[PDB]
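This document opens with one chain alone, in C-alpha coordinates, the form deposited in one PDB entry.
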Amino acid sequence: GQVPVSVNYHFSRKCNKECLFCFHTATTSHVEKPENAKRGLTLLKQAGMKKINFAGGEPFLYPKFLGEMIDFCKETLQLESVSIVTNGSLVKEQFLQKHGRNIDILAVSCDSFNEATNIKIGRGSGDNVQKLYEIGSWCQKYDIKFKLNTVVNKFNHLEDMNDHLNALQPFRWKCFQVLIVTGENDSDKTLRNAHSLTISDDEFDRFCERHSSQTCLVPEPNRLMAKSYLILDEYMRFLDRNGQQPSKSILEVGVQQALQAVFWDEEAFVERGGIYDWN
(Lines give C-alpha, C1' and ligand atoms only; values in the text may rest on other atoms or scores of the structure.)
Protein backbone atom coordinates (compact mmCIF):
# COMPACT_ATOMS: atom_id res chain seq x y z
CA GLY A 1 0.00 0.00 0.00
CA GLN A 2 0.94 3.67 -0.42
CA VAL A 3 2.66 5.54 2.39
CA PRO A 4 0.55 8.63 3.32
CA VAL A 5 3.53 10.90 3.75
CA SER A 6 1.72 14.27 3.50
CA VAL A 7 -1.99 14.55 4.33
CA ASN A 8 -4.59 17.29 4.18
CA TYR A 9 -7.21 17.10 6.90
CA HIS A 10 -10.31 19.13 5.92
CA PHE A 11 -11.58 18.86 9.47
CA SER A 12 -14.57 21.16 9.03
CA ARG A 13 -16.54 22.42 6.04
CA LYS A 14 -17.87 25.64 7.61
CA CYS A 15 -16.61 28.91 6.13
CA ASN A 16 -17.12 32.66 6.64
CA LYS A 17 -16.47 33.53 2.95
CA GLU A 18 -18.06 32.96 -0.48
CA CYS A 19 -15.19 32.36 -2.95
CA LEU A 20 -16.99 31.66 -6.26
CA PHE A 21 -14.64 28.80 -7.19
CA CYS A 22 -14.47 27.02 -3.82
CA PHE A 23 -13.96 23.28 -4.32
CA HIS A 24 -14.50 22.19 -0.69
CA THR A 25 -17.95 23.52 0.15
CA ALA A 26 -20.06 23.84 3.28
CA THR A 27 -22.22 20.71 2.84
CA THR A 28 -22.09 19.70 6.57
CA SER A 29 -21.13 21.11 9.96
CA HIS A 30 -19.74 17.83 11.41
CA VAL A 31 -16.35 17.94 13.18
CA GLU A 32 -14.75 14.98 14.99
CA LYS A 33 -14.45 15.13 18.75
CA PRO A 34 -10.85 16.03 19.75
CA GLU A 35 -10.16 12.60 21.28
CA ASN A 36 -11.17 10.90 18.00
CA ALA A 37 -9.21 13.27 15.76
CA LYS A 38 -6.09 12.65 17.89
CA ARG A 39 -6.60 8.88 17.49
CA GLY A 40 -6.85 9.27 13.76
CA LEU A 41 -3.74 11.48 13.59
CA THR A 42 -1.91 8.81 15.66
CA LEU A 43 -2.83 6.06 13.15
CA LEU A 44 -1.60 8.28 10.27
CA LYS A 45 1.71 8.91 12.11
CA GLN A 46 2.13 5.17 12.61
CA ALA A 47 1.44 4.64 8.89
CA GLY A 48 4.35 7.00 8.01
CA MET A 49 2.77 10.46 7.85
CA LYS A 50 5.46 13.14 8.08
CA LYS A 51 3.42 16.22 7.26
CA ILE A 52 -0.13 17.32 8.17
CA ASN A 53 -1.96 20.30 6.65
CA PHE A 54 -5.07 21.56 8.45
CA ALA A 55 -7.65 22.82 5.92
CA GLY A 56 -11.41 22.91 5.32
CA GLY A 57 -13.49 24.84 5.35
CA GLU A 58 -11.92 27.75 7.25
CA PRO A 59 -9.75 26.36 10.08
CA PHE A 60 -9.71 29.53 12.17
CA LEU A 61 -13.46 29.19 12.81
CA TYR A 62 -12.37 26.40 15.20
CA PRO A 63 -9.30 27.81 17.06
CA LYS A 64 -9.76 25.65 20.16
CA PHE A 65 -9.86 22.43 18.15
CA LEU A 66 -7.11 23.64 15.74
CA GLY A 67 -4.79 24.65 18.59
CA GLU A 68 -5.37 21.30 20.32
CA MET A 69 -4.49 19.37 17.19
CA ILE A 70 -1.40 21.44 16.32
CA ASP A 71 -0.03 21.08 19.89
CA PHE A 72 -0.72 17.33 19.80
CA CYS A 73 0.82 16.78 16.36
CA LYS A 74 4.10 18.48 17.29
CA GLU A 75 4.50 17.85 21.03
CA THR A 76 3.12 14.28 21.14
CA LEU A 77 3.35 12.84 17.62
CA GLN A 78 6.55 14.75 16.71
CA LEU A 79 5.39 15.19 13.11
CA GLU A 80 8.10 16.65 10.87
CA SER A 81 5.80 19.38 9.55
CA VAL A 82 2.56 20.83 10.91
CA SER A 83 0.89 23.26 8.50
CA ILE A 84 -2.35 25.22 8.25
CA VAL A 85 -3.99 26.89 5.23
CA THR A 86 -6.31 29.82 6.05
CA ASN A 87 -8.07 32.79 4.41
CA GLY A 88 -6.28 34.78 7.14
CA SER A 89 -9.25 36.90 8.28
CA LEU A 90 -9.71 35.28 11.74
CA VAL A 91 -6.02 34.73 12.59
CA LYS A 92 -5.06 36.64 15.75
CA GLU A 93 -1.53 37.32 16.95
CA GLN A 94 -2.35 35.61 20.28
CA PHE A 95 -2.84 32.29 18.47
CA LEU A 96 0.63 32.37 16.96
CA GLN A 97 2.12 33.43 20.31
CA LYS A 98 0.42 30.51 22.08
CA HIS A 99 0.87 27.76 19.42
CA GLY A 100 3.74 29.09 17.24
CA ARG A 101 6.35 26.63 18.57
CA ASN A 102 4.11 23.85 17.14
CA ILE A 103 3.38 25.46 13.72
CA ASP A 104 5.96 24.77 11.03
CA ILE A 105 4.16 26.49 8.16
CA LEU A 106 1.30 28.98 7.92
CA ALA A 107 -0.26 29.31 4.45
CA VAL A 108 -2.47 32.31 3.76
CA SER A 109 -4.81 32.28 0.74
CA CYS A 110 -4.92 35.57 -1.17
CA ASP A 111 -5.60 35.46 -4.87
CA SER A 112 -4.90 39.11 -5.72
CA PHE A 113 -3.38 42.38 -4.54
CA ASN A 114 -6.20 44.43 -6.07
CA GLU A 115 -8.80 44.55 -3.29
CA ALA A 116 -11.59 44.87 -5.88
CA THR A 117 -10.47 41.48 -7.24
CA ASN A 118 -10.61 39.79 -3.83
CA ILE A 119 -14.08 41.25 -3.27
CA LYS A 120 -15.43 40.09 -6.66
CA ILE A 121 -13.96 36.60 -6.04
CA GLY A 122 -15.93 36.59 -2.76
CA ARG A 123 -13.04 36.00 -0.37
CA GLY A 124 -12.76 39.49 1.08
CA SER A 125 -14.30 42.76 2.19
CA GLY A 126 -11.22 44.75 1.23
CA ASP A 127 -8.66 44.02 3.97
CA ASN A 128 -7.03 40.77 2.71
CA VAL A 129 -3.77 42.37 1.53
CA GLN A 130 -3.37 44.39 4.71
CA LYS A 131 -4.02 41.27 6.79
CA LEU A 132 -1.56 39.22 4.67
CA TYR A 133 1.34 41.61 5.36
CA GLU A 134 0.45 41.53 9.07
CA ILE A 135 0.49 37.69 9.19
CA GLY A 136 3.78 37.78 7.26
CA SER A 137 5.30 39.90 10.03
CA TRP A 138 3.92 37.62 12.77
CA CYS A 139 5.48 34.55 11.12
CA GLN A 140 8.79 36.47 11.15
CA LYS A 141 8.28 37.25 14.84
CA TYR A 142 7.18 33.74 15.97
CA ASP A 143 9.54 31.65 13.79
CA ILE A 144 6.88 30.27 11.42
CA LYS A 145 7.52 29.56 7.76
CA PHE A 146 5.37 31.94 5.67
CA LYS A 147 3.54 30.53 2.66
CA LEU A 148 1.19 32.11 0.14
CA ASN A 149 -1.51 30.31 -1.86
CA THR A 150 -3.00 31.89 -4.96
CA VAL A 151 -5.79 30.66 -7.21
CA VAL A 152 -5.24 31.70 -10.83
CA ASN A 153 -8.65 32.33 -12.43
CA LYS A 154 -10.51 34.48 -14.99
CA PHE A 155 -10.46 37.55 -12.73
CA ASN A 156 -6.70 37.71 -11.94
CA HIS A 157 -4.79 35.87 -14.64
CA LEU A 158 -3.37 39.11 -16.14
CA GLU A 159 -2.25 40.62 -12.82
CA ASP A 160 1.42 41.28 -11.97
CA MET A 161 2.14 40.48 -8.33
CA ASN A 162 5.94 40.68 -8.43
CA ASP A 163 6.42 43.80 -6.32
CA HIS A 164 4.18 42.37 -3.56
CA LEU A 165 5.91 38.96 -3.71
CA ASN A 166 9.28 40.73 -3.46
CA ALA A 167 8.01 42.60 -0.37
CA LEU A 168 6.34 39.53 1.23
CA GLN A 169 9.06 36.95 0.46
CA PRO A 170 7.10 33.77 1.30
CA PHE A 171 9.34 30.67 1.19
CA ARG A 172 6.65 28.95 -0.95
CA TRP A 173 4.05 30.47 -3.27
CA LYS A 174 1.52 27.97 -4.57
CA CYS A 175 -0.09 29.03 -7.81
CA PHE A 176 -3.17 26.83 -8.53
CA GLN A 177 -5.00 26.81 -11.83
CA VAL A 178 -8.64 26.99 -10.69
CA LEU A 179 -9.77 23.35 -10.54
CA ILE A 180 -13.21 21.79 -11.15
CA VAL A 181 -14.07 19.02 -8.68
CA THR A 182 -17.03 16.80 -9.50
CA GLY A 183 -19.74 17.09 -6.80
CA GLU A 184 -18.28 20.31 -5.29
CA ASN A 185 -18.16 23.19 -7.82
CA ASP A 186 -19.15 21.66 -11.18
CA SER A 187 -22.84 22.61 -11.69
CA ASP A 188 -25.77 24.72 -10.55
CA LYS A 189 -26.88 21.87 -8.25
CA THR A 190 -23.71 22.37 -6.17
CA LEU A 191 -23.05 25.22 -3.70
CA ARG A 192 -20.70 26.78 -6.28
CA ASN A 193 -20.18 26.78 -10.05
CA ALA A 194 -16.57 27.50 -11.01
CA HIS A 195 -17.02 26.83 -14.75
CA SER A 196 -17.29 30.55 -15.53
CA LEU A 197 -13.93 31.20 -13.79
CA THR A 198 -11.78 28.51 -15.42
CA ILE A 199 -8.85 29.50 -17.67
CA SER A 200 -6.92 28.00 -20.57
CA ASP A 201 -3.62 26.17 -20.17
CA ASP A 202 -2.02 29.04 -22.08
CA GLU A 203 -3.49 31.69 -19.73
CA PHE A 204 -2.17 29.78 -16.70
CA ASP A 205 1.25 29.40 -18.34
CA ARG A 206 1.51 33.14 -19.16
CA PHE A 207 0.76 33.97 -15.52
CA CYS A 208 3.58 31.69 -14.36
CA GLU A 209 5.84 33.20 -17.06
CA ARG A 210 5.08 36.75 -15.82
CA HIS A 211 6.38 35.63 -12.39
CA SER A 212 9.33 33.52 -13.64
CA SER A 213 11.80 35.45 -11.44
CA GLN A 214 10.00 34.20 -8.29
CA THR A 215 12.08 31.27 -7.07
CA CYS A 216 9.35 30.57 -4.49
CA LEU A 217 6.73 29.90 -7.20
CA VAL A 218 5.18 26.41 -7.20
CA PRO A 219 2.75 26.06 -10.15
CA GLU A 220 -0.09 23.56 -10.20
CA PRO A 221 -1.96 23.21 -13.51
CA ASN A 222 -5.07 21.03 -13.41
CA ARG A 223 -3.00 18.02 -14.57
CA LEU A 224 -0.80 18.09 -11.47
CA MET A 225 -3.40 19.20 -8.89
CA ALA A 226 -6.33 16.90 -9.66
CA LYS A 227 -5.26 13.62 -8.06
CA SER A 228 -1.95 14.43 -6.39
CA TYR A 229 -3.23 15.01 -2.81
CA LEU A 230 -4.18 12.83 0.15
CA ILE A 231 -7.38 14.35 1.46
CA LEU A 232 -9.27 13.44 4.61
CA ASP A 233 -12.78 14.79 5.15
CA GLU A 234 -14.52 15.83 8.36
CA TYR A 235 -15.19 12.13 9.19
CA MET A 236 -11.50 11.26 8.42
CA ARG A 237 -12.38 9.45 5.20
CA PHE A 238 -10.13 9.76 2.14
CA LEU A 239 -11.75 11.68 -0.76
CA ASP A 240 -11.26 10.76 -4.40
CA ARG A 241 -12.08 14.30 -5.69
CA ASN A 242 -13.77 12.93 -8.84
CA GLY A 243 -17.37 12.00 -7.91
CA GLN A 244 -16.48 8.57 -6.44
CA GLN A 245 -17.64 7.80 -2.91
CA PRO A 246 -15.27 8.46 0.01
CA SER A 247 -13.34 5.67 1.67
CA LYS A 248 -14.49 4.33 4.99
CA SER A 249 -13.13 6.33 7.94
CA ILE A 250 -9.61 5.57 9.10
CA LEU A 251 -11.28 5.50 12.55
CA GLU A 252 -13.48 2.58 11.39
CA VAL A 253 -11.19 0.46 9.16
CA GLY A 254 -7.68 1.75 9.74
CA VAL A 255 -5.40 3.73 7.43
CA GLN A 256 -4.38 0.94 5.06
CA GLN A 257 -7.90 -0.15 4.19
CA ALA A 258 -9.10 3.46 3.86
CA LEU A 259 -6.22 4.50 1.55
CA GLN A 260 -6.69 1.41 -0.68
CA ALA A 261 -10.09 2.83 -1.72
CA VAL A 262 -8.78 6.05 -3.34
CA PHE A 263 -6.40 6.88 -6.16
CA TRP A 264 -3.37 8.99 -5.25
CA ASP A 265 -1.12 9.93 -8.17
CA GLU A 266 2.26 9.69 -6.46
CA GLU A 267 4.06 10.55 -9.72
CA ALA A 268 2.05 13.78 -9.86
CA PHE A 269 2.74 14.42 -6.15
CA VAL A 270 6.49 14.27 -6.61
CA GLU A 271 6.48 16.22 -9.85
CA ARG A 272 4.54 19.16 -8.34
CA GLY A 273 7.06 19.35 -5.46
CA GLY A 274 5.03 17.60 -2.74
CA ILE A 275 8.28 16.61 -0.90
CA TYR A 276 10.31 19.64 0.23
CA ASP A 277 12.13 21.08 3.28
CA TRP A 278 8.96 21.59 5.26
CA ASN A 279 10.40 22.57 8.66
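Throughout, we count residues from 1 along the sequence that is shown. Definition used throughout: the rigid core is the maximal C-alpha set that superposes within 1.5 Å between two forms.
Not pictured, yet referred to below: the form deposited in another entry.
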Checklist entry - Tell me, which of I231, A37, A47, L224 is the one whose C-alpha shifts by at least 2 Å between the shown form and the other one, with the rigid core superposed? => result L224
Next on the checklist: Aligned on the rigid core, do the two forms place the Cα of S196 2 Å or more apart, comparing between the shown form and the other one?
Outcome noted: yes
Checklist entry - Under a superposition restricted to the rigid core, does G254 display a Cα displacement of 2 angstroms or more between the shown form and the other one? => result no
Item to check | Shift of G67 between the shown form and the other one at or above 2 Å (CA, core fit) | outcome: no
Next on the checklist: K51 and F269: their C-alpha distance differs by 3 angstroms or more in that other deposited form. Do they come closer or move farther apart compared with the shown form?
Outcome noted: farther
Checklist entry - Closer or farther: the CA pair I84/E271 in that other deposited form, versus this form, with a change of 3 Å or more? => result closer
